[PDB]
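K.L.:
Next comes entry_10.pdb, PDB, C-alpha atoms and all ligand atoms:
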```
ATOM      1  CA  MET A   1    -102.163  11.400  32.154
ATOM      2  CA  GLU A   2     -99.266  11.205  29.706
ATOM      3  CA  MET A   3     -96.329  13.519  30.367
ATOM      4  CA  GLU A   4     -96.014  15.884  27.367
ATOM      5  CA  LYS A   5     -99.700  16.805  27.363
ATOM      6  CA  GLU A   6    -100.014  16.997  31.127
ATOM      7  CA  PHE A   7     -97.096  19.414  30.688
ATOM      8  CA  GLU A   8     -98.875  21.747  28.256
ATOM      9  CA  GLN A   9    -102.010  21.542  30.391
ATOM     10  CA  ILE A  10    -100.075  22.840  33.423
ATOM     11  CA  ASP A  11     -98.386  25.558  31.361
ATOM     12  CA  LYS A  12    -101.663  26.812  29.869
ATOM     13  CA  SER A  13    -103.356  26.711  33.284
ATOM     14  CA  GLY A  14    -100.334  28.175  35.113
ATOM     15  CA  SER A  15    -100.636  25.725  38.022
ATOM     16  CA  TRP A  16     -97.022  24.582  38.575
ATOM     17  CA  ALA A  17     -96.960  26.010  42.119
ATOM     18  CA  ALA A  18    -100.111  24.085  43.051
ATOM     19  CA  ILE A  19     -98.805  20.813  41.608
ATOM     20  CA  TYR A  20     -95.501  21.268  43.457
ATOM     21  CA  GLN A  21     -97.227  22.060  46.758
ATOM     22  CA  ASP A  22     -99.284  18.861  46.439
ATOM     23  CA  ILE A  23     -96.010  16.910  46.206
ATOM     24  CA  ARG A  24     -94.698  18.671  49.303
ATOM     25  CA  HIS A  25     -97.881  17.801  51.217
ATOM     26  CA  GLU A  26     -97.808  14.095  50.281
ATOM     27  CA  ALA A  27     -94.074  13.577  50.827
ATOM     28  CA  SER A  28     -92.846  11.130  53.450
ATOM     29  CA  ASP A  29     -91.736  12.245  56.907
ATOM     30  CA  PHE A  30     -89.274   9.927  58.638
ATOM     31  CA  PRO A  31     -87.032  10.598  61.663
ATOM     32  CA  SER A  32     -83.541  12.108  61.319
ATOM     33  CA  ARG A  33     -82.405  11.778  64.938
ATOM     34  CA  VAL A  34     -78.740  11.032  64.273
ATOM     35  CA  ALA A  35     -78.378  14.174  62.106
ATOM     36  CA  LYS A  36     -79.679  16.351  64.965
ATOM     37  CA  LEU A  37     -77.375  15.118  67.733
ATOM     38  CA  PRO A  38     -75.298  18.058  69.075
ATOM     39  CA  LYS A  39     -71.976  16.383  68.215
ATOM     40  CA  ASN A  40     -72.955  16.507  64.498
ATOM     41  CA  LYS A  41     -73.840  20.206  64.215
ATOM     42  CA  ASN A  42     -70.665  21.047  62.289
ATOM     43  CA  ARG A  43     -71.247  18.099  59.909
ATOM     44  CA  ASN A  44     -74.405  19.693  58.463
ATOM     45  CA  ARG A  45     -74.372  22.622  56.042
ATOM     46  CA  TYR A  46     -78.056  23.546  56.486
ATOM     47  CA  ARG A  47     -80.161  22.946  59.622
ATOM     48  CA  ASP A  48     -83.303  22.076  57.614
ATOM     49  CA  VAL A  49     -81.660  19.482  55.280
ATOM     50  CA  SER A  50     -80.941  16.162  57.004
ATOM     51  CA  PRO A  51     -80.718  12.502  55.980
ATOM     52  CA  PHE A  52     -83.399  10.149  57.313
ATOM     53  CA  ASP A  53     -82.110   7.598  59.826
ATOM     54  CA  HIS A  54     -83.370   4.615  57.815
ATOM     55  CA  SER A  55     -81.491   5.467  54.589
ATOM     56  CA  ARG A  56     -78.416   7.401  55.815
ATOM     57  CA  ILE A  57     -74.936   6.303  54.732
ATOM     58  CA  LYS A  58     -72.837   5.149  57.695
ATOM     59  CA  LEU A  59     -69.097   5.703  57.783
ATOM     60  CA  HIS A  60     -67.100   2.606  58.861
ATOM     61  CA  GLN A  61     -65.867   4.199  62.049
ATOM     62  CA  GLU A  62     -66.692   3.560  65.691
ATOM     63  CA  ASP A  63     -66.181   7.098  67.011
ATOM     64  CA  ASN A  64     -68.691   8.920  64.800
ATOM     65  CA  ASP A  65     -70.299   7.262  61.776
ATOM     66  CA  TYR A  66     -72.310  10.310  60.616
ATOM     67  CA  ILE A  67     -72.285  12.036  57.228
ATOM     68  CA  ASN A  68     -75.080  14.049  55.627
ATOM     69  CA  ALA A  69     -75.729  11.557  52.798
ATOM     70  CA  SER A  70     -78.607   9.260  51.772
ATOM     71  CA  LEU A  71     -78.982   6.016  49.743
ATOM     72  CA  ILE A  72     -81.750   6.365  47.148
ATOM     73  CA  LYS A  73     -82.524   2.749  45.995
ATOM     74  CA  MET A  74     -84.906   2.531  42.996
ATOM     75  CA  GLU A  75     -86.189  -1.055  42.860
ATOM     76  CA  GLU A  76     -87.988  -1.260  39.487
ATOM     77  CA  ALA A  77     -85.370   0.793  37.638
ATOM     78  CA  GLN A  78     -82.536  -1.185  39.274
ATOM     79  CA  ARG A  79     -80.503   1.982  39.934
ATOM     80  CA  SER A  80     -79.062   3.318  43.196
ATOM     81  CA  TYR A  81     -77.671   6.798  44.002
ATOM     82  CA  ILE A  82     -75.999   8.417  47.006
ATOM     83  CA  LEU A  83     -77.192  12.039  47.351
ATOM     84  CA  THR A  84     -75.063  14.233  49.639
ATOM     85  CA  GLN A  85     -74.384  17.889  50.515
ATOM     86  CA  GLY A  86     -71.382  19.752  49.204
ATOM     87  CA  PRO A  87     -68.518  18.852  51.544
ATOM     88  CA  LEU A  88     -67.620  21.266  54.373
ATOM     89  CA  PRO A  89     -64.074  22.159  55.472
ATOM     90  CA  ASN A  90     -64.428  19.651  58.335
ATOM     91  CA  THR A  91     -66.059  16.855  56.250
ATOM     92  CA  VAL A  92     -63.840  16.554  53.135
ATOM     93  CA  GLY A  93     -62.062  13.560  54.689
ATOM     94  CA  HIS A  94     -65.425  11.909  55.511
ATOM     95  CA  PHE A  95     -66.616  12.500  51.926
ATOM     96  CA  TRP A  96     -63.689  10.599  50.386
ATOM     97  CA  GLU A  97     -63.967   7.909  53.097
ATOM     98  CA  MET A  98     -67.559   7.329  51.903
ATOM     99  CA  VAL A  99     -66.524   7.170  48.231
ATOM    100  CA  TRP A 100     -63.941   4.528  49.180
ATOM    101  CA  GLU A 101     -66.118   2.434  51.508
ATOM    102  CA  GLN A 102     -69.136   2.426  49.173
ATOM    103  CA  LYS A 103     -66.987   1.422  46.094
ATOM    104  CA  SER A 104     -68.251   4.310  43.975
ATOM    105  CA  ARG A 105     -66.691   4.898  40.558
ATOM    106  CA  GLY A 106     -68.036   8.395  39.850
ATOM    107  CA  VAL A 107     -68.803  11.685  41.624
ATOM    108  CA  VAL A 108     -71.343  14.066  40.006
ATOM    109  CA  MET A 109     -70.998  17.756  41.017
ATOM    110  CA  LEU A 110     -73.755  20.141  39.910
ATOM    111  CA  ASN A 111     -72.592  23.433  41.515
ATOM    112  CA  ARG A 112     -69.620  25.813  41.426
ATOM    113  CA  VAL A 113     -67.463  26.232  44.543
ATOM    114  CA  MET A 114     -68.558  29.898  44.666
ATOM    115  CA  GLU A 115     -72.006  31.043  43.535
ATOM    116  CA  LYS A 116     -73.847  34.307  44.253
ATOM    117  CA  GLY A 117     -70.633  35.557  45.911
ATOM    118  CA  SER A 118     -70.636  32.941  48.704
ATOM    119  CA  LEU A 119     -68.999  29.525  49.191
ATOM    120  CA  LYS A 120     -71.334  26.651  48.296
ATOM    121  CA  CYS A 121     -68.831  23.822  49.021
ATOM    122  CA  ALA A 122     -65.194  23.244  49.925
ATOM    123  CA  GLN A 123     -62.450  22.914  47.262
ATOM    124  CA  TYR A 124     -62.370  19.158  47.943
ATOM    125  CA  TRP A 125     -60.255  17.921  44.979
ATOM    126  CA  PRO A 126     -56.776  18.994  43.727
ATOM    127  CA  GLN A 127     -56.443  21.523  40.938
ATOM    128  CA  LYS A 128     -52.864  20.641  39.875
ATOM    129  CA  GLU A 129     -51.333  17.237  39.095
ATOM    130  CA  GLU A 130     -48.201  17.963  41.159
ATOM    131  CA  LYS A 131     -50.103  19.211  44.286
ATOM    132  CA  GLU A 132     -51.923  16.218  45.733
ATOM    133  CA  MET A 133     -54.190  16.240  48.833
ATOM    134  CA  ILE A 134     -53.788  14.177  51.992
ATOM    135  CA  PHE A 135     -56.735  13.699  54.387
ATOM    136  CA  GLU A 136     -55.090  12.807  57.670
ATOM    137  CA  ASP A 137     -58.263  12.180  59.680
ATOM    138  CA  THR A 138     -59.319   9.332  57.302
ATOM    139  CA  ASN A 139     -55.869   8.291  55.909
ATOM    140  CA  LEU A 140     -56.539   8.860  52.194
ATOM    141  CA  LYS A 141     -54.487  10.479  49.419
ATOM    142  CA  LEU A 142     -56.089  12.061  46.341
ATOM    143  CA  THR A 143     -54.264  12.997  43.086
ATOM    144  CA  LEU A 144     -55.430  14.757  39.937
ATOM    145  CA  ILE A 145     -54.519  12.553  36.930
ATOM    146  CA  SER A 146     -56.094  14.491  34.036
ATOM    147  CA  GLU A 147     -58.716  17.115  33.332
ATOM    148  CA  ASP A 148     -60.846  17.698  30.204
ATOM    149  CA  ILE A 149     -62.582  21.129  30.141
ATOM    150  CA  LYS A 150     -65.574  21.491  27.802
ATOM    151  CA  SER A 151     -68.040  24.309  27.268
ATOM    152  CA  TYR A 152     -70.720  23.102  29.708
ATOM    153  CA  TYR A 153     -68.865  20.640  31.954
ATOM    154  CA  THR A 154     -65.455  19.282  32.958
ATOM    155  CA  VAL A 155     -64.398  15.624  33.468
ATOM    156  CA  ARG A 156     -61.489  14.741  35.738
ATOM    157  CA  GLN A 157     -59.674  11.501  36.382
ATOM    158  CA  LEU A 158     -58.607  11.213  40.037
ATOM    159  CA  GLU A 159     -56.618   8.574  41.938
ATOM    160  CA  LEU A 160     -57.735   7.716  45.468
ATOM    161  CA  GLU A 161     -55.261   5.797  47.644
ATOM    162  CA  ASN A 162     -56.106   4.143  50.952
ATOM    163  CA  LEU A 163     -52.856   4.871  52.801
ATOM    164  CA  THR A 164     -53.512   2.100  55.345
ATOM    165  CA  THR A 165     -53.509  -0.703  52.716
ATOM    166  CA  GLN A 166     -51.780   1.042  49.757
ATOM    167  CA  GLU A 167     -54.691   0.053  47.512
ATOM    168  CA  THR A 168     -55.513   2.555  44.739
ATOM    169  CA  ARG A 169     -58.615   3.258  42.641
ATOM    170  CA  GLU A 170     -59.549   5.490  39.738
ATOM    171  CA  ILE A 171     -62.506   7.861  40.391
ATOM    172  CA  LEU A 172     -64.220   9.913  37.670
ATOM    173  CA  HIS A 173     -65.353  13.501  38.559
ATOM    174  CA  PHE A 174     -68.199  14.814  36.352
ATOM    175  CA  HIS A 175     -68.602  18.548  36.977
ATOM    176  CA  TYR A 176     -71.532  20.448  35.486
ATOM    177  CA  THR A 177     -70.253  24.022  35.516
ATOM    178  CA  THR A 178     -72.990  26.070  33.808
ATOM    179  CA  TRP A 179     -76.153  25.800  35.926
ATOM    180  CA  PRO A 180     -77.199  29.488  36.371
ATOM    181  CA  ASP A 181     -76.856  31.268  39.741
ATOM    182  CA  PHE A 182     -80.646  31.928  39.681
ATOM    183  CA  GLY A 183     -83.431  29.806  38.177
ATOM    184  CA  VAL A 184     -82.946  26.777  35.877
ATOM    185  CA  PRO A 185     -81.478  26.375  32.364
ATOM    186  CA  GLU A 186     -83.617  27.584  29.476
ATOM    187  CA  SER A 187     -83.035  24.369  27.469
ATOM    188  CA  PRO A 188     -82.366  20.892  28.944
ATOM    189  CA  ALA A 189     -80.049  19.995  26.077
ATOM    190  CA  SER A 190     -76.712  20.508  27.828
ATOM    191  CA  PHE A 191     -77.941  18.824  31.045
ATOM    192  CA  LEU A 192     -79.080  15.733  29.072
ATOM    193  CA  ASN A 193     -75.778  15.629  27.168
ATOM    194  CA  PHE A 194     -74.045  15.685  30.562
ATOM    195  CA  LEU A 195     -76.263  12.874  31.928
ATOM    196  CA  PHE A 196     -75.434  10.724  28.884
ATOM    197  CA  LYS A 197     -71.701  11.306  29.434
ATOM    198  CA  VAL A 198     -71.997  10.071  33.035
ATOM    199  CA  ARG A 199     -73.930   7.012  31.816
ATOM    200  CA  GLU A 200     -71.355   6.239  29.103
ATOM    201  CA  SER A 201     -68.530   6.157  31.685
ATOM    202  CA  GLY A 202     -69.926   3.135  33.574
ATOM    203  CA  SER A 203     -70.371   5.209  36.769
ATOM    204  CA  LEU A 204     -74.119   4.440  37.037
ATOM    205  CA  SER A 205     -73.851   0.720  36.343
ATOM    206  CA  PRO A 206     -74.351  -2.273  38.689
ATOM    207  CA  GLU A 207     -70.721  -3.440  38.564
ATOM    208  CA  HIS A 208     -69.828  -0.435  40.760
ATOM    209  CA  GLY A 209     -71.070   1.037  44.017
ATOM    210  CA  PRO A 210     -73.647   3.843  43.771
ATOM    211  CA  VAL A 211     -72.647   7.112  42.118
ATOM    212  CA  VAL A 212     -72.182  10.008  44.582
ATOM    213  CA  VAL A 213     -74.151  13.124  43.471
ATOM    214  CA  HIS A 214     -74.107  16.545  45.129
ATOM    215  CA  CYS A 215     -74.863  20.233  44.734
ATOM    216  CA  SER A 216     -74.826  22.589  47.729
ATOM    217  CA  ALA A 217     -77.612  21.005  49.842
ATOM    218  CA  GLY A 218     -77.883  17.758  47.836
ATOM    219  CA  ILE A 219     -81.650  17.948  47.170
ATOM    220  CA  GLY A 220     -82.362  20.441  44.376
ATOM    221  CA  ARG A 221     -80.173  20.072  41.264
ATOM    222  CA  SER A 222     -79.142  16.681  42.676
ATOM    223  CA  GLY A 223     -82.789  15.621  42.745
ATOM    224  CA  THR A 224     -83.277  16.762  39.146
ATOM    225  CA  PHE A 225     -80.354  14.592  37.975
ATOM    226  CA  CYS A 226     -81.527  11.296  39.527
ATOM    227  CA  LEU A 227     -85.215  11.913  38.772
ATOM    228  CA  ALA A 228     -84.482  12.442  35.073
ATOM    229  CA  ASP A 229     -82.136   9.436  34.885
ATOM    230  CA  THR A 230     -84.624   7.039  36.579
ATOM    231  CA  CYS A 231     -87.645   8.214  34.556
ATOM    232  CA  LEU A 232     -85.803   7.718  31.231
ATOM    233  CA  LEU A 233     -84.582   4.244  32.280
ATOM    234  CA  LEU A 234     -88.152   3.177  33.169
ATOM    235  CA  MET A 235     -89.423   4.422  29.773
ATOM    236  CA  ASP A 236     -86.924   2.045  28.111
ATOM    237  CA  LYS A 237     -87.773  -0.914  30.352
ATOM    238  CA  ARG A 238     -91.608  -0.882  30.233
ATOM    239  CA  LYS A 239     -93.960  -2.067  27.472
ATOM    240  CA  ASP A 240     -95.917   1.198  27.749
ATOM    241  CA  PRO A 241     -93.565   4.213  28.177
ATOM    242  CA  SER A 242     -96.505   6.638  28.625
ATOM    243  CA  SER A 243     -97.221   4.879  31.936
ATOM    244  CA  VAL A 244     -94.199   6.557  33.592
ATOM    245  CA  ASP A 245     -95.564   9.057  36.133
ATOM    246  CA  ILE A 246     -92.873  11.586  37.070
ATOM    247  CA  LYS A 247     -94.730  12.780  40.180
ATOM    248  CA  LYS A 248     -95.009   9.204  41.486
ATOM    249  CA  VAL A 249     -91.322   8.558  40.842
ATOM    250  CA  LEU A 250     -90.410  11.755  42.694
ATOM    251  CA  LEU A 251     -92.552  10.751  45.670
ATOM    252  CA  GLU A 252     -90.834   7.330  45.713
ATOM    253  CA  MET A 253     -87.414   9.020  45.768
ATOM    254  CA  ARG A 254     -88.544  11.307  48.612
ATOM    255  CA  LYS A 255     -89.032   8.227  50.792
ATOM    256  CA  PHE A 256     -85.220   8.103  50.899
ATOM    257  CA  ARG A 257     -84.174  11.798  51.203
ATOM    258  CA  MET A 258     -86.259  14.867  52.087
ATOM    259  CA  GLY A 259     -86.842  17.876  49.847
ATOM    260  CA  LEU A 260     -85.857  16.486  46.435
ATOM    261  CA  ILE A 261     -86.709  19.185  43.858
ATOM    262  CA  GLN A 262     -86.675  22.526  45.677
ATOM    263  CA  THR A 263     -88.878  24.752  43.485
ATOM    264  CA  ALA A 264     -91.742  24.559  40.988
ATOM    265  CA  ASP A 265     -89.287  25.756  38.321
ATOM    266  CA  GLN A 266     -87.060  22.729  39.014
ATOM    267  CA  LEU A 267     -90.146  20.487  38.741
ATOM    268  CA  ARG A 268     -91.026  21.982  35.351
ATOM    269  CA  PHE A 269     -87.414  21.639  34.194
ATOM    270  CA  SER A 270     -87.432  17.936  35.195
ATOM    271  CA  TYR A 271     -90.534  17.354  33.040
ATOM    272  CA  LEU A 272     -88.847  19.158  30.129
ATOM    273  CA  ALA A 273     -85.660  17.111  30.438
ATOM    274  CA  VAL A 274     -87.504  13.763  30.466
ATOM    275  CA  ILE A 275     -89.738  14.779  27.545
ATOM    276  CA  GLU A 276     -86.855  15.879  25.311
ATOM    277  CA  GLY A 277     -84.676  12.999  26.385
ATOM    278  CA  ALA A 278     -87.276  10.412  25.450
ATOM    279  CA  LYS A 279     -87.110  11.588  21.802
ATOM    280  CA  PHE A 280     -83.360  11.343  21.537
ATOM    281  CA  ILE A 281     -83.230   7.847  22.983
ATOM    282  CA  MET A 282     -85.083   6.498  19.947
TER
HETATM  283  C1  LIG B   1     -48.129  20.793  50.652
HETATM  284  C2  LIG B   1     -49.429  21.375  50.182
HETATM  285  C3  LIG B   1     -49.618  22.703  50.298
HETATM  286  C4  LIG B   1     -50.815  23.285  49.804
HETATM  287  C5  LIG B   1     -50.924  24.651  49.880
HETATM  288  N1  LIG B   1     -51.810  22.568  49.283
HETATM  289  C6  LIG B   1     -51.521  21.197  49.223
HETATM  290  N2  LIG B   1     -52.417  20.453  48.713
HETATM  291  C7  LIG B   1     -53.645  20.797  48.417
HETATM  292  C8  LIG B   1     -54.099  20.691  47.148
HETATM  293  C9  LIG B   1     -55.346  21.028  46.814
HETATM  294  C10 LIG B   1     -56.203  21.490  47.758
HETATM  295  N3  LIG B   1     -57.385  21.786  47.454
HETATM  296  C11 LIG B   1     -55.739  21.605  49.026
HETATM  297  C12 LIG B   1     -54.480  21.270  49.342
HETATM  298  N4  LIG B   1     -50.377  20.595  49.654
HETATM  299  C1  LIG B   2     -51.018  17.813  51.296
HETATM  300  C2  LIG B   2     -52.144  18.652  51.847
HETATM  301  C3  LIG B   2     -51.945  19.937  52.072
HETATM  302  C4  LIG B   2     -52.981  20.654  52.572
HETATM  303  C5  LIG B   2     -52.814  22.136  52.860
HETATM  304  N1  LIG B   2     -54.153  20.129  52.792
HETATM  305  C6  LIG B   2     -54.293  18.847  52.560
HETATM  306  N2  LIG B   2     -55.477  18.310  52.776
HETATM  307  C7  LIG B   2     -56.654  18.947  53.062
HETATM  308  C8  LIG B   2     -57.574  18.456  53.949
HETATM  309  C9  LIG B   2     -58.706  19.078  54.235
HETATM  310  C10 LIG B   2     -58.996  20.210  53.668
HETATM  311  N3  LIG B   2     -59.974  20.783  53.923
HETATM  312  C11 LIG B   2     -58.144  20.744  52.780
HETATM  313  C12 LIG B   2     -56.990  20.130  52.486
HETATM  314  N4  LIG B   2     -53.331  18.072  52.120
END
```
Please re-express this file's structure in structure tokens.
Ligand SMILES: Cc1cc(C)nc(Nc2ccc(N)cc2)n1
Ligand SMILES: Cc1cc(C)nc(Nc2ccc(N)cc2)n1

P.N.:
Amino acid sequence: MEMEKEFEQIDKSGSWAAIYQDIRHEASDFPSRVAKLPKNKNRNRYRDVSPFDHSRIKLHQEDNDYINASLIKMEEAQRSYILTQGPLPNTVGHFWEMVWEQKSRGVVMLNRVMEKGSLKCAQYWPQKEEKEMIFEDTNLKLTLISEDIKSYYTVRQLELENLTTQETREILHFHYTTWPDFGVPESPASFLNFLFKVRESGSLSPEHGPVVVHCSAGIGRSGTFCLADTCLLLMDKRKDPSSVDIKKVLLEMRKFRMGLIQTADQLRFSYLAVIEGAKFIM
């Protein structure tokens, strides 16, 4: 079926939970043996969210190459994304090592450091220009260059220096600051505006490594971001845009990382974002 009328048909019939459970039943199951090794217990934020072995990002290190991060490679759309958990106190150095080694230009952050009164990720970037951060375990230095605070999101320019080679690179930090503590946004308008700002920066484009996107577990809000981006790109590429099937795209992405889209409300919000976004494109 088309998307906008399949949407109203699920709303009128109140069957979002049944649709979402079908997706969960059909989703791929691949091994995640490296994630579960005992030496990696303090590299995982949640015991039930792990990268598959076949698509995990490897750190360029011979001691321990593990980070909870996955490469989502969308062949028809010609887009790639790295989805990862919010960094932990003992993985902030690994996180920036990955950004460096994978040649990423942008980092997309969809959570606040504290939500619901608990810590959802480490304060992994500097808050003041004159107070830089050094990661001694991976030999990187990180400096805040500038910060632009807007009503729904903040954009930061950061400098990452490999202290071994003295090479430097500019990284863009796109921080969506207004996702509610509970539920999903009422309107997708600010989320789409944010997506378009990331696109306009070059961070999603083939001349760079894959964008790094995270929330707390790296599957819920993070899944919504890449699902909406990929669906809209396919609608531009194809002769028949109504042939884009959001459930099939989500199942394709779940071949690369488990659990993408965590609730039926997030599924409905993804439909809404793609629907409204397709009107603005034209
Ligand atoms: C010398 C010194 C002393 C202190 C207290 N912080 C830093 N740098 C730093 C900046 C930002 C974060 N998040 C962490 C550390 N550096
Ligand atoms: C200069 C400086 C000063 C301080 C206090 N920390 C850092 N780096 C850092 C590394 C890992 C975590 N978690 C936090 C900070 N760097």

K.L.:
One decimal, Å: what's the distance from atom CA of residue 53 of chain A over to atom CA of residue 32 of chain A, could you say?

P.N.:
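About the pair atom CA of residue 53 of chain A and atom CA of residue 32 of chain A: they are 5.0 Å apart.
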
K.L.:
Starting from the PyMOL selection byres (((not hetatm)) within 6 of (chain B and resi 2)), expand the selection into actual residues of this file and give them as a PyMOL selection string.

P.N.:
chain A and resi 89+92+132-135

K.L.:
To test your reading of the syntax: which residues would the PyMOL selection byres (((chain A and resi 239-244) around 12) and not hetatm) return for the file shown? Reply as an MDAnalysis selection string.

P.N.:
chainID A and resid 1:6 76:77 227:228 230:238 245:250 271 274:275 278:279

K.L.:
To one decimal place in Å, what is the distance between atom CA of residue 82 of chain A and atom CA of residue 187 of chain A?

P.N.:
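Going from atom CA of residue 82 of chain A over to atom CA of residue 187 of chain A covers 26.2 Å.
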
K.L.:
Residues of chain A within 9 Å of ligand LIG 1 (chain B): nearest atom pair and distance (Å, one decimal) for each, counting all atoms listed in the file, sorted by chain and number, as CSV?

P.N.:
```
residue,atom,partner,partner_atom,distance
A:122,CA,B:LIG1,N3,8.3
A:123,CA,B:LIG1,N3,5.2
A:124,CA,B:LIG1,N3,5.7
A:125,CA,B:LIG1,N3,5.4
A:126,CA,B:LIG1,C9,4.0
A:127,CA,B:LIG1,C9,6.0
A:128,CA,B:LIG1,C8,7.4
A:130,CA,B:LIG1,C8,8.8
A:131,CA,B:LIG1,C8,5.1
A:132,CA,B:LIG1,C8,5.2
A:133,CA,B:LIG1,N2,4.6
A:134,CA,B:LIG1,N2,7.2
A:142,CA,B:LIG1,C8,8.9
A:143,CA,B:LIG1,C8,8.7
```

K.L.:
Can you give me, as a PyMOL selection string, the residues this file yields under the PyMOL selection byres (((chain A and resi 57) around 12) and not hetatm)?

P.N.:
chain A and resi 34-35+50-56+58-61+65-72+81-84+94-95+97-99+101-102+210+212+256-257

K.L.:
Could you pull the residues within 10 Å of residue 19 of chain A, counting only C-alpha atoms, minus those fewer than 3 positions along the same chain, as a ChimeraX atom specification?

P.N.:
/A:10,14-16,22-24,247,264,267

K.L.:
Quote the spacing between atom CA of residue 88 of chain A and atom CA of residue 121 of chain A in Å to one decimal place.

P.N.:
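Between atom CA of residue 88 of chain A and atom CA of residue 121 of chain A the gap works out to 6.1 Å.
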
K.L.:
Taking only C-alpha atoms into account, name the residue in A:63, A:41, A:140, A:91 that is nearest to residue 162 of chain A.

P.N.:
A:140

K.L.:
Would you list the contacts of residue 269 of chain A as a list in words, taking every protein, DNA or RNA residue within 8 Å and counting only C-alpha atoms, but skipping same-chain residues closer than 5 positions in sequence?

P.N.:
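Using only C-alpha atoms, the neighbours found are residues 184, 185 and 188 of chain A.
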
K.L.:
Would you be able to write out as a ChimeraX atom specification which residues have an atom within 12 Å of (-72.6, 10.1, 30.7) in the file's coordinates, counting only C-alpha atoms?

P.N.:
/A:106-108,153-155,172-176,190-205,211,225,229

K.L.:
Take the selection from the previous step and output its residues with C-alpha atoms, as a PDB file, in the coordinates of the input.

P.N.:
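Writing done, so here's result-v2.pdb:
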```
ATOM      1  CA  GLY A 106     -68.036   8.395  39.850  1.00  0.00           C
ATOM      2  CA  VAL A 107     -68.803  11.685  41.624  1.00  0.00           C
ATOM      3  CA  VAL A 108     -71.343  14.066  40.006  1.00  0.00           C
ATOM      4  CA  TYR A 153     -68.865  20.640  31.954  1.00  0.00           C
ATOM      5  CA  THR A 154     -65.455  19.282  32.958  1.00  0.00           C
ATOM      6  CA  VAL A 155     -64.398  15.624  33.468  1.00  0.00           C
ATOM      7  CA  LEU A 172     -64.220   9.913  37.670  1.00  0.00           C
ATOM      8  CA  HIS A 173     -65.353  13.501  38.559  1.00  0.00           C
ATOM      9  CA  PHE A 174     -68.199  14.814  36.352  1.00  0.00           C
ATOM     10  CA  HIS A 175     -68.602  18.548  36.977  1.00  0.00           C
ATOM     11  CA  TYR A 176     -71.532  20.448  35.486  1.00  0.00           C
ATOM     12  CA  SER A 190     -76.712  20.508  27.828  1.00  0.00           C
ATOM     13  CA  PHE A 191     -77.941  18.824  31.045  1.00  0.00           C
ATOM     14  CA  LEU A 192     -79.080  15.733  29.072  1.00  0.00           C
ATOM     15  CA  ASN A 193     -75.778  15.629  27.168  1.00  0.00           C
ATOM     16  CA  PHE A 194     -74.045  15.685  30.562  1.00  0.00           C
ATOM     17  CA  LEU A 195     -76.263  12.874  31.928  1.00  0.00           C
ATOM     18  CA  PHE A 196     -75.434  10.724  28.884  1.00  0.00           C
ATOM     19  CA  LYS A 197     -71.701  11.306  29.434  1.00  0.00           C
ATOM     20  CA  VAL A 198     -71.997  10.071  33.035  1.00  0.00           C
ATOM     21  CA  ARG A 199     -73.930   7.012  31.816  1.00  0.00           C
ATOM     22  CA  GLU A 200     -71.355   6.239  29.103  1.00  0.00           C
ATOM     23  CA  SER A 201     -68.530   6.157  31.685  1.00  0.00           C
ATOM     24  CA  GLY A 202     -69.926   3.135  33.574  1.00  0.00           C
ATOM     25  CA  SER A 203     -70.371   5.209  36.769  1.00  0.00           C
ATOM     26  CA  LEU A 204     -74.119   4.440  37.037  1.00  0.00           C
ATOM     27  CA  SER A 205     -73.851   0.720  36.343  1.00  0.00           C
ATOM     28  CA  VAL A 211     -72.647   7.112  42.118  1.00  0.00           C
ATOM     29  CA  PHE A 225     -80.354  14.592  37.975  1.00  0.00           C
ATOM     30  CA  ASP A 229     -82.136   9.436  34.885  1.00  0.00           C
TER      31      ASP A 229
END
```

K.L.:
Write segment 65-71 of chain A as an mmCIF file, in the coordinates of the input, completed to N, CA, C and O atoms.

P.N.:
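Below you can see selection_13.cif, which holds the result:
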```
data_model
loop_
_atom_site.group_PDB
_atom_site.id
_atom_site.type_symbol
_atom_site.label_atom_id
_atom_site.label_comp_id
_atom_site.auth_asym_id
_atom_site.auth_seq_id
_atom_site.Cartn_x
_atom_site.Cartn_y
_atom_site.Cartn_z
ATOM 1 N N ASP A 65 -70.028 7.796 63.109
ATOM 2 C CA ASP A 65 -70.299 7.262 61.776
ATOM 3 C C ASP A 65 -71.133 8.194 60.889
ATOM 4 O O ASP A 65 -71.604 7.757 59.826
ATOM 5 N N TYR A 66 -71.311 9.460 61.264
ATOM 6 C CA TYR A 66 -72.310 10.310 60.616
ATOM 7 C C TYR A 66 -71.742 11.115 59.447
ATOM 8 O O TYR A 66 -70.700 11.767 59.565
ATOM 9 N N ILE A 67 -72.478 11.096 58.331
ATOM 10 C CA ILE A 67 -72.285 12.036 57.228
ATOM 11 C C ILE A 67 -73.657 12.374 56.674
ATOM 12 O O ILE A 67 -74.561 11.536 56.665
ATOM 13 N N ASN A 68 -73.819 13.608 56.220
ATOM 14 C CA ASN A 68 -75.080 14.049 55.627
ATOM 15 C C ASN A 68 -75.129 13.504 54.195
ATOM 16 O O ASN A 68 -74.718 14.161 53.241
ATOM 17 N N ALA A 69 -75.632 12.273 54.068
ATOM 18 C CA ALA A 69 -75.729 11.557 52.798
ATOM 19 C C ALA A 69 -76.786 10.466 52.939
ATOM 20 O O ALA A 69 -76.896 9.846 54.008
ATOM 21 N N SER A 70 -77.473 10.183 51.827
ATOM 22 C CA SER A 70 -78.607 9.260 51.772
ATOM 23 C C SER A 70 -78.515 8.295 50.589
ATOM 24 O O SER A 70 -78.166 8.713 49.483
ATOM 25 N N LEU A 71 -78.907 7.021 50.813
ATOM 26 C CA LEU A 71 -78.982 6.016 49.743
ATOM 27 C C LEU A 71 -80.385 6.008 49.136
ATOM 28 O O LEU A 71 -81.372 5.706 49.822
#
```
